[PDB]
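If you read the sequence from its start, that first residue is 1, and numbering goes on from there.
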Amino acid sequence: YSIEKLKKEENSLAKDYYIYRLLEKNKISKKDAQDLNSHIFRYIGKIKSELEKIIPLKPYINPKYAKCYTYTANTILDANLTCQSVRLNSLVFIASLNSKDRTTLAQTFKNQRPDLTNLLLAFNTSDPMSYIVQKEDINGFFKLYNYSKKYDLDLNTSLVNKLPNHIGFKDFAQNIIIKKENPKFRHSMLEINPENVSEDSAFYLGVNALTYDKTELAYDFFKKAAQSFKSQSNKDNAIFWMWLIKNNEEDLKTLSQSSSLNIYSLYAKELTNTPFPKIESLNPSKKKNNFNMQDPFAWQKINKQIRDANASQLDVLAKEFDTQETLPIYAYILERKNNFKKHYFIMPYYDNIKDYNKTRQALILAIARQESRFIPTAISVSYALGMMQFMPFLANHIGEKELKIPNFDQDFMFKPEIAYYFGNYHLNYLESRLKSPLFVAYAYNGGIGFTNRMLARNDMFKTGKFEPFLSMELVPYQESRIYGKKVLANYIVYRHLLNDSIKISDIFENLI
Ligand SMILES: CC(=O)N[C@H]1[C@H](OCCc2ccc3occc3c2)O[C@H](CO)[C@@H](O)[C@@H]1O
């Protein structure tokens, strides 16, 4: 694909990927690059940095305020009042001012902008966070946190109960709890009333309370999370903690009857002798249609249609893609069409894995389901490719250096035979070092380096009252934390479907 042919395709991650491939091979001229940002679907990350090596962006200063950016710290007392207040939006700018000018500006703004006054006078002290905390200036607190994560102080009951109302609270709490940073802030958040938090925030504050062995407070946070979470899977995670902490058999019963298939509902079913959930069986009689499963642009087009289809148009697409060749697209349509109530666990292109042992089959299928939903031309925002979502660098390492496949190109990752073969190859490497399918999943998504560093820690996946569940909540990268739980659920299901059942309690025992 030349740039001229790509420019005729609709904007998509597939088009972005192929533009990025031209940039990385130096095939986009300064002239070609002129109109190109209107041809880019998601102008973020590597494609933006490559394009900008060809054409810098000067942009962008609102023309109304351009004059404001002609002043510096040395000349800002010469600027009009609007210019002064625009430049004081930046804490680095405030930090750069001399203290006499901070005093002058704080007086200027005391009436109309006491927020600015508070920050100016804060930066005249040796600890601006202490000054902002004494004022109980909530917007000021978050500005200072965004400026520097190194500030740490005890916060009283009144102040900590005010923080949840700010949009920044959820990321603040998640970051400091998961990274085990800012211990005075962490300890302070034990005094947050569960009435003042909900959803993710409540849940994280439950995890926080567990780490300080405040189990009654933890229960109260998790109960609030369960009552407020929008997604049944998250509610189930919260109910599981309620159960682990207080052992009310009604909580375990509710969890065992969940409509969501996740590790918590599966565990609860096992503990209560409840039958394994019903898994749909898709067996289209029609063998093919016209659709090209190897065309990445055709997938981008049909995906967009499927995601914008009303209740009625989903039924039309379901029928058209109800074939063996388009089974992954069929299951994808059904999963949306049935409002995520039915469990679809397909095994496409099965001839490529049927000679592996069943435990290995299940792990491959579990990874593919979460990575791609088995869509052969799946492309991620980071341009991971195909059913097993290989990053180009690893794909080329395996395909060119290790396997020495003649005329190998990274786009071979769109072929199911190649995806499953490479997937098996990398999963062999990972499993030989890590053993547990949960740890393998963490390493598949996050890398073996991150996984090894986590497992080297004294506080992760060791013995303990709430282990290994607590450790699973504290995996320090959110994408990997979530991924491991999903892949582990899938693994249990596929082992069951292949007549190679394992108890999820055995998996959990082997994590410690
Ligand atoms: C295609 C894609 O973006 N896949 C994602 C995947 O996205 C969720 C599943 C998925 C599958 C097929 C899809 O086709 C269009 C969007 C999409 C998302 O998330 C994983 C992390 O949990 C990533 O490792 C993986 O690269």
Quick check on [X]: does its [atom1] atom have over 12 non-hydrogen neighbours (other residues, nucleotides or ligands) under 6.0 Å away?
X      : atom1 : result
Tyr421 : OH    : no
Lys253 : NZ    : no
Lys25  : NZ    : yes
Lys46  : NZ    : yes
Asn273 : CG    : no
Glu195 : CD    : no

Any cation-pi pair here, [X] with [Y], using under 6.0 Å and within 45°?
X      : Y      : value
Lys170 : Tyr204 : no
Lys246 : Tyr219 : yes
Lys415 : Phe412 : yes
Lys485 : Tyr483 : no

Within the side chain of [X], is there an N or O that forms a donor-acceptor pair under 3.5 Å with the backbone of [Y]?
X      : Y      : result
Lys179 : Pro476 : yes
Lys462 : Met460 : yes
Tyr494 : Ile346 : yes
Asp152 : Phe185 : yes
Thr326 : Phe321 : yes
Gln410 : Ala395 : no
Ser228 : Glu199 : yes
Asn339 : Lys341 : no
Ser258 : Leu255 : no
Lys224 : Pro194 : yes

Starting from the C-alpha separation in whole Å, work towards a yes-or-no answer on side chain to side chain donor-acceptor pair (under 3.5 Å) for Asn175 and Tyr145. CA-CA 11 Å; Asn175 193 247; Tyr145 175 76; 3.2 Å; yes
Show, in sequence, the C-alpha distance, side-chain angles and deciding distance for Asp213 and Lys465, and conclude whether the salt bridge (charged side-chain N to carboxylate O under 4.0 Å, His left out) test is met. CA-CA 10 Å; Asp213 204 46; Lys465 207 214 293 211; 3.2 Å; yes
Centroid separation under 6.0 Å, is that true for the rings of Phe240 and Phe222? no
I want to know whether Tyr330 and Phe374 have ring centres closer than 6.0 Å. no
Before you tell me yes or no, could you show the steps for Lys214 and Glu216 under salt bridge (charged side-chain N to carboxylate O under 4.0 Å, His left out), namely the whole-Å CA-CA distance, both residues' side-chain angles and the distance that decides it to 0.1 Å? CA-CA 6 Å; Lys214 299 291 176 168; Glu216 299 305 308; over 6 Å; no
For the pair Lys230 and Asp200, evaluate salt bridge (charged side-chain N to carboxylate O under 4.0 Å, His left out) and give the outcome as yes or no after the intermediate values. CA-CA 10 Å; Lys230 291 165 171 42; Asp200 301 57; over 6 Å; no
Hey, mind stepping through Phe172 and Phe141 against ring-ring contact (aromatic ring centres under 6.0 Å, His included) and telling me if it holds? CA-CA 11 Å; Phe172 167 85; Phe141 178 93; 5.6 Å; yes
With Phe469, the ring pair (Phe, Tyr, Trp, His ring centres under 6.0 Å) member among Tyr267, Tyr264, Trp243: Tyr267
Of the options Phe41, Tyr383, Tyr1, which is the one that meets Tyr18 in a ring pair (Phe, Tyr, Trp, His ring centres under 6.0 Å)? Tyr1
Below 30° counts as parallel, above 60° as perpendicular, anything between as tilted: where do the rings of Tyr212 and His187 land? perpendicular
Heavy-atom closest pair, residues [X] and [Y]:
X      : Y      : result
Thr215 : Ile245 : O-CG2, 3.6 Å
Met242 : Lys223 : SD-CA, 3.6 Å
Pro437 : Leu363 : CB-CD1, 4.2 Å

Walk me through whether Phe169 and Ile192 qualify under side-chain contact (heavy atoms from CB on, under 4.5 Å). CA-CA 12 Å; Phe169 184 74; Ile192 295 177; 3.6 Å; yes
Determine, step by step, whether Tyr425 and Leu403 satisfy the side-chain contact (heavy atoms from CB on, under 4.5 Å) criterion, reporting the C-alpha distance in whole Å, the side-chain angles of both residues, the deciding distance to 0.1 Å, and the verdict. CA-CA 10 Å; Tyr425 182 100; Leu403 292 186; 4.2 Å; yes
Just verifying a value: how many Å separate [X] [atom1] and [Y] [atom2], rounded to the nearest 0.5 Å?
X      : Y      : atom1 : atom2 : value
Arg495 : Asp500 : CZ    : CG    : 4.0 Å
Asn237 : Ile263 : CG    : CD1   : 7.0 Å
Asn452 : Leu434 : CG    : CG    : 6.0 Å

Could you check whether any side-chain heavy atom of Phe340 comes within less than 4.5 Å of a side-chain heavy atom of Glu335, counting everything from C-beta outward? yes
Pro328 vs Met293 side-chain heavy atoms within contact, under 4.5 Å: yes
Side-chain H-bond candidate by donor/acceptor type, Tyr444 with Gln389, under 3.5 Å: no
Consider side chain to side chain donor-acceptor pair (under 3.5 Å). Of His39, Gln300, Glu9, which one does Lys15 pass it with? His39
Apply salt bridge (charged side-chain N to carboxylate O under 4.0 Å, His left out) to residues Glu10 and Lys304 and explain how you reach the verdict. CA-CA 11 Å; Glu10 300 189 12; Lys304 172 165 57 196; 2.7 Å; yes
Using side chain to side chain donor-acceptor pair (under 3.5 Å), reason through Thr323 and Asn289 one step at a time and then give a plain yes or no. CA-CA 7 Å; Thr323 83; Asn289 64 10; 4.6 Å; no
Check the pair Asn338, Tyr344 against side chain to side chain donor-acceptor pair (under 3.5 Å), reporting the backbone distance first and the verdict last. CA-CA 11 Å; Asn338 282 312; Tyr344 301 100; 2.8 Å; yes
I'd like to know whether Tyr491 forms a side-chain contact (heavy atoms from CB on, under 4.5 Å) with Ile507, so could you lay out the CA-CA distance, the side-chain angles of the two residues, the decisive distance to 0.1 Å, and finally the verdict. CA-CA 11 Å; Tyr491 170 80; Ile507 299 312; 4.2 Å; yes
Given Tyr43 and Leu51, is the side-chain contact (heavy atoms from CB on, under 4.5 Å) satisfied, shown in steps? CA-CA 10 Å; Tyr43 189 67; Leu51 188 66; 3.6 Å; yes
Per the salt bridge (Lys or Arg N to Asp or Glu O under 4.0 Å) rule, what does the pair list look like for residues 346-371, sequence neighbours excluded? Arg360-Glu431
Would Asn196 and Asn161 count as a side chain to side chain donor-acceptor pair (under 3.5 Å) here? Give the steps. CA-CA 7 Å; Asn196 286 321; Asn161 277 286; 2.9 Å; yes
